[PDB]
Amino acid sequence: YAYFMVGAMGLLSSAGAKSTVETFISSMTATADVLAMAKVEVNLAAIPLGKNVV
Amino acid sequence: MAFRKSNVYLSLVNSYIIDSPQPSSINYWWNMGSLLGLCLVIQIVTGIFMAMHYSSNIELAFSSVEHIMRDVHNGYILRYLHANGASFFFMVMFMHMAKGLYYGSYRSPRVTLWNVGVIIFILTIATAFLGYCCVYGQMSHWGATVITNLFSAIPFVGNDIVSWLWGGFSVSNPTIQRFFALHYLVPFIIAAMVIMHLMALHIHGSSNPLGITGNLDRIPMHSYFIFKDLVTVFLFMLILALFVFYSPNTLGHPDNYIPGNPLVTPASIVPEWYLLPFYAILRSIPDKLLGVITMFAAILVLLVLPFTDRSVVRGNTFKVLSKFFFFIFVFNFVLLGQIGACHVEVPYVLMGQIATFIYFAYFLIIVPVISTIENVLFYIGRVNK
Amino acid sequence: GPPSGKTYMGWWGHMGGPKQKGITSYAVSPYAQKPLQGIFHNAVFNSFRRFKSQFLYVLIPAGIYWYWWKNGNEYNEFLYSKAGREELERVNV
Amino acid sequence: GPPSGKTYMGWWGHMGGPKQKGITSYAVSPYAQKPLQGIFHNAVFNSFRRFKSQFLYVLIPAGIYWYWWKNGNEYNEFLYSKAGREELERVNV
Amino acid sequence: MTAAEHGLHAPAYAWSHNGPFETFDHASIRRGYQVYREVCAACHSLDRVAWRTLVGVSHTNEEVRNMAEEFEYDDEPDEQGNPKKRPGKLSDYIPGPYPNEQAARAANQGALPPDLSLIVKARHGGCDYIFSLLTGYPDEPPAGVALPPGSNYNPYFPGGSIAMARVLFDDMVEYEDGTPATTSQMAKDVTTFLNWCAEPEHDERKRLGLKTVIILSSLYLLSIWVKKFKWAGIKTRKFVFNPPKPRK
Amino acid sequence: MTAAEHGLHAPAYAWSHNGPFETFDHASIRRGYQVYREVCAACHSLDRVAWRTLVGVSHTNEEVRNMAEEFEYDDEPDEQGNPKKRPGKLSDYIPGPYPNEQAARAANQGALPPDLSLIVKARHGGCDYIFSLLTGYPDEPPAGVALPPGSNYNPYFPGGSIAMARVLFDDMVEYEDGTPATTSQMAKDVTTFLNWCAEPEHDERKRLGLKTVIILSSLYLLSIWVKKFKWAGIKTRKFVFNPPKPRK
């Protein structure tokens, strides 16, 4: 019984530690507006033959 | 009983600055270590007074550096002193390393000390890269890109971790923001590690230059070695002044002074002088994962030096071949750095590969066989039959 | 206080070094002698003796790597000097 | 370490307290004890007796200051209630 | 500290979103935004919320765009450097109708129109206080009180003088069905909307709080038990004194 | 890597201010600015330095105000919200004629022109290599090299191709005196001017450096002496080992 109580405490503590660490770590991940997947168009009419357009 | 050794806040300082029986035969290298400590503290102080007037956004990071350059009274001195003191700190740390390796301080009774130290080494390399990113010039942006992407060599999942550390899919506000915050954080962790370094040192004193027992006689710390530190720190101040006033832009490279532009990069992109030795071995072997692992493997092969030096006689003050090989190794190290600086063409790939081979070979196999030969020669010379 | 591990150096009085008898030291105090004794004679003579003793250990490695560096530079120069069509191709691969 | 000053508490074995004899401490071990031997009787009775024995020490100051605060408040809103010309000006001004 | 300068203390209304386990009634945010866009119009700002967070909370996926292509945002120039206007996209904020600041003080006939994006999180009380301001106007101005021209009275504004009138009349929104012509309804919608926009994280916050409080309560009780357990090895030890033999 | 793409190493010119004690000859900045404004008008930027630092190093005072009365800088909005423009003052930066970035690639028929404000700090061999580049151009490109039409050659630039229209001719500036109309003069003046604008702090930097060097050398010698002094209390000691009687 005593070891079961200690194990229950450890289980709850481990779940909580996992949750807190996940919170802190996911704090640093990419935010929302940075996920703006930009789209661009390029005009190919006036590009020179032997030139590189970036 | 004397008040110096009674009050706790002073009983601590007594045993480390006022009464610490250093060995009799000290030379200038441990004074050089004290110089390094003072370089660290002045770096911290000028860094505080730097960040006092430094912004953090990506759009207003370069403008912040020009602002600290001119629009603050007596401020250009702060910025140049920060940069050149950092470079001089790295050089003096390299010389601290080379000293330690030569005189055999890495013998067994100080392995904890030596490990802690190399931890400061790797931390400090990280700090230098972090700050160089904090500048965000032109080539610092590409350096940050490459070193962040380094972790993508990790098997299976490599893109998620780099994208996490890199704050998104592009170098943007979170990237430099996090880099600067971590740069401003880490040196205090360095301070904690170096107070541990001092703790680990105090257990067994400091090694003799002769590589022999120093418990016989010792002379008190203060009023003798404080001035040996003073002379060398004055030399440091004057040489730093010479490099900060008359010759500012020599140690660094004249490329940081460009606005960040992730569209064009110059064909000549190199790290600052104190990262060339590892960059050379990285660009030497023709693989991604191999290079990424072999950098930290260079650090680890530094680590492996104890319980490998199997000379019963400590140090390299009485081994002609061993000291000759150490000199070939240090000149190897400088050659490695310089070839890393130079461009890679036909006569250089072989040069660099051979350089890395002899480097790691000196760490692994040169020390044991040469040491054993020295030991057996020492035995055979002075024995009849 | 909490006892700690064994240490190879004690403090004053229990320093831990081998006990000795018959050794006699001396001193003359800083104020009774000229601070700069020898200053020049010892400077020049000991400097030259020390530089003579260890000359080769720094001479040989420097010479070896200088020879390497010179050979590499000269070959690199020859490579890209009116030789990019007859020597560069056959060694680049 | 260097010798330190005299202290009235030490480490285990040299506590430094007065030497005792005849004291005989016992124990029961936590496993074979059934922790909550008293959990409702002890709780209610001890809690109420302890609340009784230290009741006045907080009732008196709190009541004093509550009375003070109530009087101050009531006078304050009496000031700003059809009395700003007759009562306000005789103390405020 | 007179009553006139401080305003009526806020009442205790029986909110719908209040309570430790309650989310928003955001079947009405869908119309709270509608009424806000109709009636606030070019007066208040709300320039802190991004159209990528009204999706999945009040609007499904595509309506947010289908109004986002009705604005302009002045993005990057063409090959000639002339700045160009393009239709709005899904990750751009709502434009404050008054361009920079000055047209605001030119049109309100008075002070700056306070930013609504965080207003109801930035007033004393506040959850009811905005409701009180919106419905507190007496239908007839109070008798025997001086009032500067233009400004209208308020029994709730500290100081009793508000620069904005009361445009909260009846039968002027008509959301989709039979519901308007009750100014309390529009007030309720707008206050719920602003309470959401002050923090678009109410639901998730409440859920995480419930999870954390349950976990912590269980952990705390377990810790109580374990403290009672291993401390019991000394909370019951008994000492028995013996008079030592008197010999020395 | 070949010398063609590496660029000729800059010859070590014996520059006037390249000395431990020498200062900027800002008897020449007074015309360096003149030539810079006259010839490099609508091509580069110099958009970093503020006019409140030219006074007291190059110009007297009222001249900078008289020049600032020629540019406009978009003052704060008026009462009606219509933006206005007001003449510049002693807290403004020089405006590069290209508005933001796009006209740069529109007009140069090439790439962006770097801001000269720090250019001679960000090239190897900074002090020179700009005089070298401005006067090192040859009249006729070396035989056997093909270049894109409309571009110009420069053997000193890495790659040997630059979009610099060689506007460094003679009989063009005529500063105030008989000195211009030789292409060395304008190049030299602009070189010193730019070397100043990268750090308009050289004079006091050199003075302070001289003070520090003298103080530190004196303190170094004193410290050497004192170390030789108090260390002598142990360096001169002696030992006379008298072995004990072998009794045990």
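Order of writing sets the labels: A, B, C, D, E and F. Residues in every chain begin at 1.
Throughout what follows, a residue touches a chain if its C-beta (ideal position, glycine included) is under 8 Å from a C-beta of that chain, and two chains touch if they have at least 3 such contacts.
The set of chains in contact with chain D as well as chain F comprises B, C, E. For the pair chain C and chain D, the CA-based superposition corresponds to a rotation of 180 degrees in steps of 5. Simply put, of B-F and B-D, more C-beta pairs touch at B-F. Taking the mean of the C-alpha atoms as each chain's centre, chain A and chain D sit 49 Å apart. We define each chain's centre as the mean of its Cα atoms; on that basis chain B and chain E are separated by 53 Å. With centres defined as mean CA coordinates, chain E is found 40 Å away from chain D.
In chain B, the residues touching two or more other chains are 345. In chain A, the residues that reach two or more other chains under the touch definition are 2. Shared interface positions of chain F, i.e. residues touching 2 or more other chains, are given as 1, 230, 234. Every pair of chains that touch is listed here: A-B, A-E, B-C, B-D, B-F, C-D, C-F, D-E, E-F.
Here chain C touches chain B in the complex through residues 7-9, 11-12, 15-18, 20, 57-58, 60-62, 64-65, 68-69, 72, 75-76, 79, 88, 91-92, going by the rule given at the top. Of all residues in chain E, only 50, 52-53, 91, 215-216, 218-219, 222-223, 225-226, 229 touch chain A in the complex they form. Across the complex, chain F is touched by residues 21-30, 33, 35-37, 80, 84 of chain C.
Looking at the complex, you find that chain B touches chain F at residues 24, 66, 69-71, 76-77, 219, 223-224, 227-228, 230-231, 234-235, 237-238, 241-242, 244-246, 249, 254-259, 264, 267, 343, 345.
Looking at the complex, you find that chain D touches chain B at residues 1-5.
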